[PDB]
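*Asks:* Shown below is the structure under consideration.
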Amino acid sequence: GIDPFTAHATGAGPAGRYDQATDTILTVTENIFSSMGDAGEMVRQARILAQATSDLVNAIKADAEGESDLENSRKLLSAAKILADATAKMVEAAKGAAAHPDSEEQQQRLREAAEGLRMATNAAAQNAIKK
């Protein structure tokens with residue numbers, strides 16, 4: 001219905017491979033820093049990150065096996081492993097920083113864990129197999 005297919009340009013192909021899921025994670029991550037102060041809502045956001053990461057971890061594995069390269073496949077499998085742990089550390093820190101709101105170390109570990117998760121996810125986003 002009014003398609004950009006060979007119309008104004010050569011189609012309109014967006015995203016990459018993990019873009020929909022990474023977009024969620026990259027965005028929701030910021031929400032933990034935004035919700036910072038509300039324990040229930042903070043942990044809520046972390047649960048979303050875990051959920052979203054779970055999608056990627058399983059996806060990246062299968063997508064890696066679809067690649068016709070050993071090293072790149074190993075990298076993808078590694079990226080998923082890095083991600084899934086960045087999330088695990090993040091989520092655990094978010095729980096503590098939320099339920100223990102004023103606690104300094106809980107906040108500090110969250111800052112680093114969340115940014116680490118942000119890094120891992122944003123990296124997985126970039127390495128996503130397209131084409």
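Residue numbering restarts at 1 in every chain; chains get A, B, ... in the order shown in the structure tokens, and ligands count up from 1 in that same order.
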If we count only C-alpha atoms, what is near range 79-94 of chain A at a cut-off of 10 Å, once residues fewer than 3 positions away on the same chain are taken out, given as a PDB file with N, CA, C and O atoms, in the first residue's frame?

*Replies:*
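Dumped to selection_37.pdb:
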```
ATOM      1  N   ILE A  25      16.180  -3.181  24.845  1.00  0.00           N
ATOM      2  CA  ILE A  25      17.160  -3.229  25.926  1.00  0.00           C
ATOM      3  C   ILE A  25      17.865  -1.880  26.112  1.00  0.00           C
ATOM      4  O   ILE A  25      17.931  -1.362  27.229  1.00  0.00           O
ATOM      5  N   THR A  29      17.147   0.143  29.597  1.00  0.00           N
ATOM      6  CA  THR A  29      18.301   0.372  30.458  1.00  0.00           C
ATOM      7  C   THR A  29      18.265   1.771  31.073  1.00  0.00           C
ATOM      8  O   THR A  29      18.434   1.939  32.284  1.00  0.00           O
ATOM      9  N   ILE A  32      16.024   2.462  34.128  1.00  0.00           N
ATOM     10  CA  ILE A  32      16.431   2.130  35.492  1.00  0.00           C
ATOM     11  C   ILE A  32      17.041   3.349  36.177  1.00  0.00           C
ATOM     12  O   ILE A  32      16.821   3.586  37.364  1.00  0.00           O
ATOM     13  N   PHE A  33      17.782   4.143  35.415  1.00  0.00           N
ATOM     14  CA  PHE A  33      18.370   5.366  35.944  1.00  0.00           C
ATOM     15  C   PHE A  33      17.295   6.431  36.127  1.00  0.00           C
ATOM     16  O   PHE A  33      17.400   7.298  36.992  1.00  0.00           O
ATOM     17  N   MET A  36      15.167   5.318  39.105  1.00  0.00           N
ATOM     18  CA  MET A  36      16.042   5.235  40.268  1.00  0.00           C
ATOM     19  C   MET A  36      15.456   5.995  41.451  1.00  0.00           C
ATOM     20  O   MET A  36      15.371   7.223  41.443  1.00  0.00           O
ATOM     21  N   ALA A  39      11.734   1.470  44.093  1.00  0.00           N
ATOM     22  CA  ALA A  39      12.270   0.117  44.134  1.00  0.00           C
ATOM     23  C   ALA A  39      11.479  -0.821  43.230  1.00  0.00           C
ATOM     24  O   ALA A  39      12.051  -1.506  42.379  1.00  0.00           O
ATOM     25  N   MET A  42      12.026   0.077  39.538  1.00  0.00           N
ATOM     26  CA  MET A  42      13.396  -0.200  39.104  1.00  0.00           C
ATOM     27  C   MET A  42      13.578  -1.678  38.782  1.00  0.00           C
ATOM     28  O   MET A  42      14.087  -2.031  37.717  1.00  0.00           O
ATOM     29  N   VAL A  43      13.156  -2.540  39.701  1.00  0.00           N
ATOM     30  CA  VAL A  43      13.262  -3.979  39.498  1.00  0.00           C
ATOM     31  C   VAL A  43      12.419  -4.402  38.299  1.00  0.00           C
ATOM     32  O   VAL A  43      12.797  -5.299  37.545  1.00  0.00           O
ATOM     33  N   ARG A  44      11.289  -3.728  38.122  1.00  0.00           N
ATOM     34  CA  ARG A  44      10.416  -3.957  36.977  1.00  0.00           C
ATOM     35  C   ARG A  44      11.183  -3.795  35.669  1.00  0.00           C
ATOM     36  O   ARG A  44      11.103  -4.645  34.782  1.00  0.00           O
ATOM     37  N   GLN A  45      11.947  -2.711  35.567  1.00  0.00           N
ATOM     38  CA  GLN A  45      12.716  -2.425  34.362  1.00  0.00           C
ATOM     39  C   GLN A  45      13.780  -3.498  34.137  1.00  0.00           C
ATOM     40  O   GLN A  45      14.013  -3.930  33.008  1.00  0.00           O
ATOM     41  N   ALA A  46      14.411  -3.931  35.224  1.00  0.00           N
ATOM     42  CA  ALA A  46      15.430  -4.975  35.157  1.00  0.00           C
ATOM     43  C   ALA A  46      14.841  -6.283  34.634  1.00  0.00           C
ATOM     44  O   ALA A  46      15.470  -6.988  33.843  1.00  0.00           O
ATOM     45  N   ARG A  47      13.625  -6.593  35.073  1.00  0.00           N
ATOM     46  CA  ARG A  47      12.923  -7.788  34.614  1.00  0.00           C
ATOM     47  C   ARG A  47      12.685  -7.717  33.114  1.00  0.00           C
ATOM     48  O   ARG A  47      12.748  -8.731  32.415  1.00  0.00           O
ATOM     49  N   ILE A  48      12.416  -6.511  32.627  1.00  0.00           N
ATOM     50  CA  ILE A  48      12.228  -6.285  31.205  1.00  0.00           C
ATOM     51  C   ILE A  48      13.535  -6.528  30.454  1.00  0.00           C
ATOM     52  O   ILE A  48      13.545  -7.165  29.401  1.00  0.00           O
ATOM     53  N   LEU A  49      14.640  -6.033  31.011  1.00  0.00           N
ATOM     54  CA  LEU A  49      15.955  -6.247  30.417  1.00  0.00           C
ATOM     55  C   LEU A  49      16.273  -7.730  30.330  1.00  0.00           C
ATOM     56  O   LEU A  49      16.730  -8.210  29.294  1.00  0.00           O
ATOM     57  N   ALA A  50      16.025  -8.452  31.419  1.00  0.00           N
ATOM     58  CA  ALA A  50      16.245  -9.892  31.451  1.00  0.00           C
ATOM     59  C   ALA A  50      15.410 -10.584  30.381  1.00  0.00           C
ATOM     60  O   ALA A  50      15.921 -11.394  29.610  1.00  0.00           O
ATOM     61  N   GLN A  51      14.130 -10.231  30.325  1.00  0.00           N
ATOM     62  CA  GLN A  51      13.204 -10.804  29.353  1.00  0.00           C
ATOM     63  C   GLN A  51      13.692 -10.551  27.927  1.00  0.00           C
ATOM     64  O   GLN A  51      13.783 -11.474  27.115  1.00  0.00           O
ATOM     65  N   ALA A  52      14.028  -9.299  27.647  1.00  0.00           N
ATOM     66  CA  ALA A  52      14.495  -8.899  26.325  1.00  0.00           C
ATOM     67  C   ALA A  52      15.821  -9.564  25.976  1.00  0.00           C
ATOM     68  O   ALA A  52      16.032  -9.990  24.841  1.00  0.00           O
ATOM     69  N   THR A  53      16.708  -9.658  26.957  1.00  0.00           N
ATOM     70  CA  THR A  53      17.998 -10.294  26.750  1.00  0.00           C
ATOM     71  C   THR A  53      17.817 -11.776  26.435  1.00  0.00           C
ATOM     72  O   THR A  53      18.528 -12.333  25.595  1.00  0.00           O
ATOM     73  N   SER A  54      16.834 -12.392  27.082  1.00  0.00           N
ATOM     74  CA  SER A  54      16.563 -13.816  26.890  1.00  0.00           C
ATOM     75  C   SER A  54      16.223 -14.103  25.431  1.00  0.00           C
ATOM     76  O   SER A  54      16.621 -15.131  24.876  1.00  0.00           O
ATOM     77  N   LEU A  56      17.324 -12.391  22.828  1.00  0.00           N
ATOM     78  CA  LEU A  56      18.557 -12.270  22.063  1.00  0.00           C
ATOM     79  C   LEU A  56      19.484 -13.450  22.281  1.00  0.00           C
ATOM     80  O   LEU A  56      20.015 -13.989  21.322  1.00  0.00           O
ATOM     81  N   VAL A  57      19.678 -13.849  23.530  1.00  0.00           N
ATOM     82  CA  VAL A  57      20.590 -14.948  23.847  1.00  0.00           C
ATOM     83  C   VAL A  57      20.268 -16.187  23.015  1.00  0.00           C
ATOM     84  O   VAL A  57      21.160 -16.825  22.458  1.00  0.00           O
ATOM     85  N   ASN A  58      18.987 -16.503  22.909  1.00  0.00           N
ATOM     86  CA  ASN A  58      18.552 -17.667  22.147  1.00  0.00           C
ATOM     87  C   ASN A  58      18.608 -17.392  20.647  1.00  0.00           C
ATOM     88  O   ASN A  58      18.890 -18.290  19.851  1.00  0.00           O
ATOM     89  N   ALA A  59      18.353 -16.146  20.269  1.00  0.00           N
ATOM     90  CA  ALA A  59      18.361 -15.750  18.866  1.00  0.00           C
ATOM     91  C   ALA A  59      19.780 -15.730  18.311  1.00  0.00           C
ATOM     92  O   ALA A  59      20.051 -16.324  17.268  1.00  0.00           O
ATOM     93  N   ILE A  60      20.677 -15.052  19.025  1.00  0.00           N
ATOM     94  CA  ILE A  60      22.075 -14.936  18.615  1.00  0.00           C
ATOM     95  C   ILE A  60      22.701 -16.309  18.372  1.00  0.00           C
ATOM     96  O   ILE A  60      23.440 -16.495  17.411  1.00  0.00           O
ATOM     97  N   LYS A  61      22.388 -17.273  19.236  1.00  0.00           N
ATOM     98  CA  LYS A  61      22.912 -18.628  19.090  1.00  0.00           C
ATOM     99  C   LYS A  61      22.529 -19.222  17.739  1.00  0.00           C
ATOM    100  O   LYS A  61      23.386 -19.695  16.991  1.00  0.00           O
ATOM    101  N   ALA A  64      24.035 -17.258  14.843  1.00  0.00           N
ATOM    102  CA  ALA A  64      25.458 -17.561  14.731  1.00  0.00           C
ATOM    103  C   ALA A  64      25.677 -18.839  13.939  1.00  0.00           C
ATOM    104  O   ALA A  64      26.596 -18.929  13.124  1.00  0.00           O
ATOM    105  N   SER A  73      30.941 -16.780  14.012  1.00  0.00           N
ATOM    106  CA  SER A  73      29.966 -17.564  14.756  1.00  0.00           C
ATOM    107  C   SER A  73      30.382 -17.647  16.224  1.00  0.00           C
ATOM    108  O   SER A  73      29.562 -17.473  17.129  1.00  0.00           O
ATOM    109  N   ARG A  74      31.673 -17.884  16.446  1.00  0.00           N
ATOM    110  CA  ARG A  74      32.233 -17.935  17.792  1.00  0.00           C
ATOM    111  C   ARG A  74      32.047 -16.597  18.495  1.00  0.00           C
ATOM    112  O   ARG A  74      31.722 -16.543  19.682  1.00  0.00           O
ATOM    113  N   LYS A  75      32.241 -15.517  17.740  1.00  0.00           N
ATOM    114  CA  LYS A  75      32.088 -14.167  18.264  1.00  0.00           C
ATOM    115  C   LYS A  75      30.650 -13.916  18.698  1.00  0.00           C
ATOM    116  O   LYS A  75      30.407 -13.372  19.773  1.00  0.00           O
ATOM    117  N   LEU A  76      29.703 -14.312  17.855  1.00  0.00           N
ATOM    118  CA  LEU A  76      28.287 -14.160  18.168  1.00  0.00           C
ATOM    119  C   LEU A  76      27.921 -14.947  19.423  1.00  0.00           C
ATOM    120  O   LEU A  76      27.294 -14.415  20.339  1.00  0.00           O
ATOM    121  N   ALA A  97      19.834  -2.225  44.298  1.00  0.00           N
ATOM    122  CA  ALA A  97      19.844  -0.766  44.301  1.00  0.00           C
ATOM    123  C   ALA A  97      18.439  -0.216  44.466  1.00  0.00           C
ATOM    124  O   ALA A  97      18.244   0.896  44.954  1.00  0.00           O
ATOM    125  N   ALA A  98      17.461  -0.994  44.040  1.00  0.00           N
ATOM    126  CA  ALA A  98      16.074  -0.607  44.170  1.00  0.00           C
ATOM    127  C   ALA A  98      15.580  -0.860  45.585  1.00  0.00           C
ATOM    128  O   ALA A  98      15.192   0.070  46.292  1.00  0.00           O
ATOM    129  N   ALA A  99      15.608  -2.125  46.001  1.00  0.00           N
ATOM    130  CA  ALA A  99      15.085  -2.516  47.301  1.00  0.00           C
ATOM    131  C   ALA A  99      15.879  -1.868  48.431  1.00  0.00           C
ATOM    132  O   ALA A  99      15.332  -1.565  49.491  1.00  0.00           O
ATOM    133  N   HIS A 100      17.174  -1.681  48.212  1.00  0.00           N
ATOM    134  CA  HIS A 100      17.992  -0.865  49.103  1.00  0.00           C
ATOM    135  C   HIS A 100      18.307   0.457  48.408  1.00  0.00           C
ATOM    136  O   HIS A 100      19.378   0.620  47.827  1.00  0.00           O
ATOM    137  N   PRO A 101      17.364   1.412  48.463  1.00  0.00           N
ATOM    138  CA  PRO A 101      17.408   2.621  47.633  1.00  0.00           C
ATOM    139  C   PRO A 101      18.609   3.523  47.928  1.00  0.00           C
ATOM    140  O   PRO A 101      19.348   3.908  47.021  1.00  0.00           O
ATOM    141  N   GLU A 105      26.761   1.465  47.565  1.00  0.00           N
ATOM    142  CA  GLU A 105      27.368   0.392  46.782  1.00  0.00           C
ATOM    143  C   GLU A 105      26.366  -0.229  45.822  1.00  0.00           C
ATOM    144  O   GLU A 105      26.707  -0.550  44.684  1.00  0.00           O
ATOM    145  N   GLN A 106      25.132  -0.396  46.282  1.00  0.00           N
ATOM    146  CA  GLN A 106      24.074  -0.933  45.439  1.00  0.00           C
ATOM    147  C   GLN A 106      23.849  -0.048  44.223  1.00  0.00           C
ATOM    148  O   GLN A 106      23.697  -0.543  43.106  1.00  0.00           O
ATOM    149  N   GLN A 107      23.843   1.261  44.440  1.00  0.00           N
ATOM    150  CA  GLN A 107      23.711   2.210  43.345  1.00  0.00           C
ATOM    151  C   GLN A 107      24.924   2.137  42.425  1.00  0.00           C
ATOM    152  O   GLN A 107      24.786   2.038  41.207  1.00  0.00           O
ATOM    153  N   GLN A 108      26.109   2.154  43.024  1.00  0.00           N
ATOM    154  CA  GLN A 108      27.359   2.141  42.273  1.00  0.00           C
ATOM    155  C   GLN A 108      27.475   0.906  41.381  1.00  0.00           C
ATOM    156  O   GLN A 108      27.777   1.025  40.192  1.00  0.00           O
ATOM    157  N   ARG A 109      27.225  -0.272  41.944  1.00  0.00           N
ATOM    158  CA  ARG A 109      27.313  -1.507  41.169  1.00  0.00           C
ATOM    159  C   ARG A 109      26.290  -1.504  40.041  1.00  0.00           C
ATOM    160  O   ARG A 109      26.554  -2.020  38.958  1.00  0.00           O
ATOM    161  N   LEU A 110      25.132  -0.902  40.292  1.00  0.00           N
ATOM    162  CA  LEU A 110      24.097  -0.793  39.276  1.00  0.00           C
ATOM    163  C   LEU A 110      24.576   0.064  38.116  1.00  0.00           C
ATOM    164  O   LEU A 110      24.412  -0.307  36.959  1.00  0.00           O
ATOM    165  N   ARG A 111      25.175   1.206  38.438  1.00  0.00           N
ATOM    166  CA  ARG A 111      25.693   2.124  37.426  1.00  0.00           C
ATOM    167  C   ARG A 111      26.623   1.395  36.462  1.00  0.00           C
ATOM    168  O   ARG A 111      26.468   1.481  35.245  1.00  0.00           O
ATOM    169  N   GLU A 112      27.562   0.645  37.019  1.00  0.00           N
ATOM    170  CA  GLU A 112      28.556  -0.051  36.219  1.00  0.00           C
ATOM    171  C   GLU A 112      27.953  -1.262  35.510  1.00  0.00           C
ATOM    172  O   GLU A 112      28.249  -1.516  34.341  1.00  0.00           O
ATOM    173  N   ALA A 113      27.099  -1.999  36.211  1.00  0.00           N
ATOM    174  CA  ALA A 113      26.475  -3.188  35.643  1.00  0.00           C
ATOM    175  C   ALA A 113      25.517  -2.821  34.515  1.00  0.00           C
ATOM    176  O   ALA A 113      25.485  -3.482  33.478  1.00  0.00           O
ATOM    177  N   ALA A 114      24.748  -1.757  34.718  1.00  0.00           N
ATOM    178  CA  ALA A 114      23.784  -1.306  33.724  1.00  0.00           C
ATOM    179  C   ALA A 114      24.487  -0.798  32.476  1.00  0.00           C
ATOM    180  O   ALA A 114      24.080  -1.109  31.360  1.00  0.00           O
ATOM    181  N   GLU A 115      25.550  -0.025  32.663  1.00  0.00           N
ATOM    182  CA  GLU A 115      26.324   0.467  31.534  1.00  0.00           C
ATOM    183  C   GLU A 115      27.041  -0.682  30.838  1.00  0.00           C
ATOM    184  O   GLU A 115      27.177  -0.681  29.618  1.00  0.00           O
ATOM    185  N   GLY A 116      27.479  -1.667  31.613  1.00  0.00           N
ATOM    186  CA  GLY A 116      28.068  -2.860  31.030  1.00  0.00           C
ATOM    187  C   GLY A 116      27.066  -3.617  30.181  1.00  0.00           C
ATOM    188  O   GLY A 116      27.381  -4.065  29.078  1.00  0.00           O
ATOM    189  N   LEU A 117      25.851  -3.742  30.701  1.00  0.00           N
ATOM    190  CA  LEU A 117      24.743  -4.339  29.963  1.00  0.00           C
ATOM    191  C   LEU A 117      24.440  -3.505  28.717  1.00  0.00           C
ATOM    192  O   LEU A 117      24.171  -4.044  27.640  1.00  0.00           O
ATOM    193  N   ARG A 118      24.518  -2.190  28.873  1.00  0.00           N
ATOM    194  CA  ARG A 118      24.265  -1.261  27.783  1.00  0.00           C
ATOM    195  C   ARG A 118      25.299  -1.481  26.687  1.00  0.00           C
ATOM    196  O   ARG A 118      24.967  -1.554  25.506  1.00  0.00           O
ATOM    197  N   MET A 119      26.553  -1.607  27.112  1.00  0.00           N
ATOM    198  CA  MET A 119      27.663  -1.879  26.206  1.00  0.00           C
ATOM    199  C   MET A 119      27.458  -3.201  25.479  1.00  0.00           C
ATOM    200  O   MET A 119      27.491  -3.250  24.251  1.00  0.00           O
ATOM    201  N   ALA A 120      27.233  -4.264  26.249  1.00  0.00           N
ATOM    202  CA  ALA A 120      27.081  -5.607  25.695  1.00  0.00           C
ATOM    203  C   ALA A 120      25.944  -5.669  24.684  1.00  0.00           C
ATOM    204  O   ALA A 120      26.098  -6.220  23.593  1.00  0.00           O
ATOM    205  N   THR A 121      24.809  -5.092  25.047  1.00  0.00           N
ATOM    206  CA  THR A 121      23.647  -5.082  24.175  1.00  0.00           C
ATOM    207  C   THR A 121      23.908  -4.261  22.919  1.00  0.00           C
ATOM    208  O   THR A 121      23.602  -4.691  21.806  1.00  0.00           O
ATOM    209  N   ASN A 122      24.490  -3.082  23.101  1.00  0.00           N
ATOM    210  CA  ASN A 122      24.767  -2.184  21.994  1.00  0.00           C
ATOM    211  C   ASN A 122      25.807  -2.806  21.057  1.00  0.00           C
ATOM    212  O   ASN A 122      25.797  -2.573  19.847  1.00  0.00           O
ATOM    213  N   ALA A 123      26.704  -3.607  21.630  1.00  0.00           N
ATOM    214  CA  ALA A 123      27.693  -4.336  20.848  1.00  0.00           C
ATOM    215  C   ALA A 123      27.031  -5.461  20.058  1.00  0.00           C
ATOM    216  O   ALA A 123      27.293  -5.631  18.867  1.00  0.00           O
ATOM    217  N   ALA A 124      26.171  -6.226  20.724  1.00  0.00           N
ATOM    218  CA  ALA A 124      25.411  -7.284  20.060  1.00  0.00           C
ATOM    219  C   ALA A 124      24.571  -6.696  18.931  1.00  0.00           C
ATOM    220  O   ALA A 124      24.417  -7.304  17.873  1.00  0.00           O
ATOM    221  N   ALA A 125      24.052  -5.498  19.174  1.00  0.00           N
ATOM    222  CA  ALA A 125      23.286  -4.755  18.181  1.00  0.00           C
ATOM    223  C   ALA A 125      24.093  -4.536  16.907  1.00  0.00           C
ATOM    224  O   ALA A 125      23.584  -4.687  15.795  1.00  0.00           O
ATOM    225  N   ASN A 127      26.919  -6.157  15.915  1.00  0.00           N
ATOM    226  CA  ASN A 127      27.450  -7.375  15.301  1.00  0.00           C
ATOM    227  C   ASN A 127      26.351  -8.208  14.649  1.00  0.00           C
ATOM    228  O   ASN A 127      26.632  -9.231  14.025  1.00  0.00           O
TER     229      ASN A 127
END
```

*Asks:* Taking the backbone alone, and naming residues the way the document does, which bits of chain A are helix (DSSP H, G or I) by DSSP, as a VMD selection string?

*Replies:* chain A and resid 19 to 35 39 to 66 70 to 99 104 to 127

*Asks:* Given the selection you just returned, output its residues as a file containing C-alpha atoms, formatted as an mmCIF file, in the first residue's frame.

*Replies:*
```
data_model
loop_
_atom_site.group_PDB
_atom_site.id
_atom_site.type_symbol
_atom_site.label_atom_id
_atom_site.label_comp_id
_atom_site.auth_asym_id
_atom_site.auth_seq_id
_atom_site.Cartn_x
_atom_site.Cartn_y
_atom_site.Cartn_z
ATOM 1 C CA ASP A 19 17.666 -4.387 16.265
ATOM 2 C CA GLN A 20 14.113 -4.740 17.566
ATOM 3 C CA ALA A 21 15.271 -6.512 20.719
ATOM 4 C CA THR A 22 18.371 -4.381 21.264
ATOM 5 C CA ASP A 23 16.291 -1.221 20.844
ATOM 6 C CA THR A 24 14.156 -2.435 23.713
ATOM 7 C CA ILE A 25 17.160 -3.229 25.926
ATOM 8 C CA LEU A 26 19.067 -0.013 25.079
ATOM 9 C CA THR A 27 15.956 2.017 25.919
ATOM 10 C CA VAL A 28 14.785 0.123 29.013
ATOM 11 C CA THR A 29 18.301 0.372 30.458
ATOM 12 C CA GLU A 30 17.966 4.153 30.661
ATOM 13 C CA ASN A 31 14.676 3.616 32.457
ATOM 14 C CA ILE A 32 16.431 2.130 35.492
ATOM 15 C CA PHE A 33 18.370 5.366 35.944
ATOM 16 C CA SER A 34 15.135 7.264 35.398
ATOM 17 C CA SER A 35 13.111 5.147 37.847
ATOM 18 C CA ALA A 39 12.270 0.117 44.134
ATOM 19 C CA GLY A 40 9.302 -1.669 42.596
ATOM 20 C CA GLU A 41 9.597 0.182 39.284
ATOM 21 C CA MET A 42 13.396 -0.200 39.104
ATOM 22 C CA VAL A 43 13.262 -3.979 39.498
ATOM 23 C CA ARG A 44 10.416 -3.957 36.977
ATOM 24 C CA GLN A 45 12.716 -2.425 34.362
ATOM 25 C CA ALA A 46 15.430 -4.975 35.157
ATOM 26 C CA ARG A 47 12.923 -7.788 34.614
ATOM 27 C CA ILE A 48 12.228 -6.285 31.205
ATOM 28 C CA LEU A 49 15.955 -6.247 30.417
ATOM 29 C CA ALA A 50 16.245 -9.892 31.451
ATOM 30 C CA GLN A 51 13.204 -10.804 29.353
ATOM 31 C CA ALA A 52 14.495 -8.899 26.325
ATOM 32 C CA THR A 53 17.998 -10.294 26.750
ATOM 33 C CA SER A 54 16.563 -13.816 26.890
ATOM 34 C CA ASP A 55 15.151 -13.278 23.404
ATOM 35 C CA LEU A 56 18.557 -12.270 22.063
ATOM 36 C CA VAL A 57 20.590 -14.948 23.847
ATOM 37 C CA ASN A 58 18.552 -17.667 22.147
ATOM 38 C CA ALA A 59 18.361 -15.750 18.866
ATOM 39 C CA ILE A 60 22.075 -14.936 18.615
ATOM 40 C CA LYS A 61 22.912 -18.628 19.090
ATOM 41 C CA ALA A 62 20.732 -19.741 16.184
ATOM 42 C CA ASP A 63 21.797 -16.774 14.061
ATOM 43 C CA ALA A 64 25.458 -17.561 14.731
ATOM 44 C CA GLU A 65 24.912 -21.100 13.475
ATOM 45 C CA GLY A 66 23.442 -19.556 10.345
ATOM 46 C CA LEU A 70 33.656 -20.016 12.239
ATOM 47 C CA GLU A 71 35.220 -16.965 13.889
ATOM 48 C CA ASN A 72 32.168 -14.775 13.403
ATOM 49 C CA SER A 73 29.966 -17.564 14.756
ATOM 50 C CA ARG A 74 32.233 -17.935 17.792
ATOM 51 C CA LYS A 75 32.088 -14.167 18.264
ATOM 52 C CA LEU A 76 28.287 -14.160 18.168
ATOM 53 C CA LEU A 77 28.089 -17.047 20.642
ATOM 54 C CA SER A 78 30.561 -15.171 22.828
ATOM 55 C CA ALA A 79 28.603 -11.913 22.487
ATOM 56 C CA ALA A 80 25.449 -13.688 23.660
ATOM 57 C CA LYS A 81 27.378 -15.122 26.605
ATOM 58 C CA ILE A 82 28.744 -11.671 27.427
ATOM 59 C CA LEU A 83 25.293 -10.126 27.071
ATOM 60 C CA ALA A 84 23.427 -12.713 29.133
ATOM 61 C CA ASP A 85 25.894 -12.133 31.955
ATOM 62 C CA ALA A 86 25.933 -8.370 31.626
ATOM 63 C CA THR A 87 22.185 -8.630 32.113
ATOM 64 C CA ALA A 88 22.477 -11.062 35.029
ATOM 65 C CA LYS A 89 24.899 -8.756 36.834
ATOM 66 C CA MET A 90 22.791 -5.732 35.873
ATOM 67 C CA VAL A 91 19.509 -7.252 37.029
ATOM 68 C CA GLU A 92 20.994 -8.410 40.344
ATOM 69 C CA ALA A 93 22.412 -4.932 40.949
ATOM 70 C CA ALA A 94 19.112 -3.281 39.987
ATOM 71 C CA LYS A 95 17.261 -5.468 42.502
ATOM 72 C CA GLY A 96 19.610 -4.431 45.271
ATOM 73 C CA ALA A 97 19.844 -0.766 44.301
ATOM 74 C CA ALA A 98 16.074 -0.607 44.170
ATOM 75 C CA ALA A 99 15.085 -2.516 47.301
ATOM 76 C CA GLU A 104 25.695 3.619 47.916
ATOM 77 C CA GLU A 105 27.368 0.392 46.782
ATOM 78 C CA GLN A 106 24.074 -0.933 45.439
ATOM 79 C CA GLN A 107 23.711 2.210 43.345
ATOM 80 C CA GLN A 108 27.359 2.141 42.273
ATOM 81 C CA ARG A 109 27.313 -1.507 41.169
ATOM 82 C CA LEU A 110 24.097 -0.793 39.276
ATOM 83 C CA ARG A 111 25.693 2.124 37.426
ATOM 84 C CA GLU A 112 28.556 -0.051 36.219
ATOM 85 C CA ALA A 113 26.475 -3.188 35.643
ATOM 86 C CA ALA A 114 23.784 -1.306 33.724
ATOM 87 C CA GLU A 115 26.324 0.467 31.534
ATOM 88 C CA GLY A 116 28.068 -2.860 31.030
ATOM 89 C CA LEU A 117 24.743 -4.339 29.963
ATOM 90 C CA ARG A 118 24.265 -1.261 27.783
ATOM 91 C CA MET A 119 27.663 -1.879 26.206
ATOM 92 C CA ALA A 120 27.081 -5.607 25.695
ATOM 93 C CA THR A 121 23.647 -5.082 24.175
ATOM 94 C CA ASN A 122 24.767 -2.184 21.994
ATOM 95 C CA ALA A 123 27.693 -4.336 20.848
ATOM 96 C CA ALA A 124 25.411 -7.284 20.060
ATOM 97 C CA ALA A 125 23.286 -4.755 18.181
ATOM 98 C CA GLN A 126 26.233 -3.829 15.990
ATOM 99 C CA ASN A 127 27.450 -7.375 15.301
#
```

*Asks:* At what distance in Å, to one decimal, does CA of residue 1 in chain A lie from CA of residue 13 in chain A?

*Replies:* 16.2 Å
